[PDB]
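Chains as they are written, first to last, in the numbering used here: chain A, 36 to 152; chain B, 154 to 187.
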Amino acid sequence: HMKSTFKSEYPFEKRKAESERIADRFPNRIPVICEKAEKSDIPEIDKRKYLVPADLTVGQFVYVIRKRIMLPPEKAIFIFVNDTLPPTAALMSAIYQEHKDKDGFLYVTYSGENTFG
Amino acid sequence: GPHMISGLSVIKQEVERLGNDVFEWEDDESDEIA
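Put into structure tokens, the structure is as follows:
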């Protein structure tokens with residue numbers, strides 16, 4: 036199966052164009068994209084689109100992920116950005132400011148495994 | 154991914170579900186994503 040969904044629907048230029056407006060819509064927001072690693076064994080999300088605020092932290096985002104897949108408390112889920120595991124106080128705001136891309140939108144990834152690769 | 158070829162002119166894109174205001178569901182802002 037594919038990998039990207041909400042970001043696969045359209046090309047990049049589409050996203051960049053989106054963030055170009057989201058900047059005039061919600062400046063006090065943090066556009067990100069939750070994704071599930073392939074190696075992972077957990078259930079992949081339905082779509083990759085998460086508009087977290089500039090207040091929500093990293094340890095606060097996961098929760099949102101644990102909501103979609105409604106993963107039980109008997110499972111685990113770790114975030115990964117560029118193959119790096121950010122802290123909890125790593126305000127998603129300061130995260131999307133260091134993990135931003137040409138498109139502007141963030142690209143996070145969660146996996147039941149806290150491994151690298 | 155998809156890219157342009159040659160010449161200059163409008164562009165055409167596809168879609169599966171989204172497309173409308175790059176959002177067509179509960180609510181992107183929905184706390185569901187935060």
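Virtual Cβ for every residue (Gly too), placed ideally from N, Cα, C.
**Prompt:** Residues bridged to A:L86 by DSSP?
**Reply:** A:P66
**Request:** For B:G154, decide whether its Cβ has a neighbour in chain A, counting only Cβ atoms nearer than 8 Å.
**Result:** yes
**Request:** Please list, in chain order, all residues of the same chain as A:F47 whose beta carbon is under 8 Å from its beta carbon, the five residues on each side excluded.
**Result:** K137, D138
**Message:** If you measure between the beta carbons of A:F140 and A:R50, is that distance less than 8 Å?
**Reply:** yes
**Asked** So which of A:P78, A:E73, A:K84 has the shortest CA-CA distance to A:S43?
**Response** A:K84
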